[PDB]
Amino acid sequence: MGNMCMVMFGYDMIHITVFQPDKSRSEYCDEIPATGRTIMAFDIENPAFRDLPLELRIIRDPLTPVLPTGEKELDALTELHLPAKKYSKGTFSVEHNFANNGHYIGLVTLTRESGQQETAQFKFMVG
């Protein structure tokens, strides 16, 4: 559908759609108006990424210049965590009840099969 809402790896993008079925039939991007049941759908644009491990961690935004990299520190901030896996169909959804308004960051980590890791951030807010 749309091509505007995204997280980026260079030229390769992952399109994101957000909806909140308990509140509305509308679709959102980085300004999510309500607390509650939230579904985030990911559509990987580059077919080659379907064979690449992809991890998602959504954290409360600590508003620090540098994001924590330690797993214990990241865990303290974590709203939701999906371990790395290959998405062969190129698409997936996550559902979460956001009980609290605030700023959040979705951290998408790709593992190149050079074994190198790249992380991209999509920043959004709830409420």
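Position 1 is the first residue in the sequence shown; the rest follow in order.
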| query | finding |
| --- | --- |
| Higher-B stretch (mean Cα B-factor, as the entry records it), 61 to 69 or 41 to 49 | 61 to 69 |
| Average Cα temperature factor in the PDB entry - higher stretch of 70 to 78, 30 to 38 | 70 to 78 |
| Highest recorded Cα temperature factor - choice among 106, 10, 115, 21 | 115 |
| Relative C-alpha B-factor of residue 1, binned into the chain's lowest, middle or highest third | highest |
| Cα B factor band for residue 111 (lowest, middle or highest third within the chain) | highest |
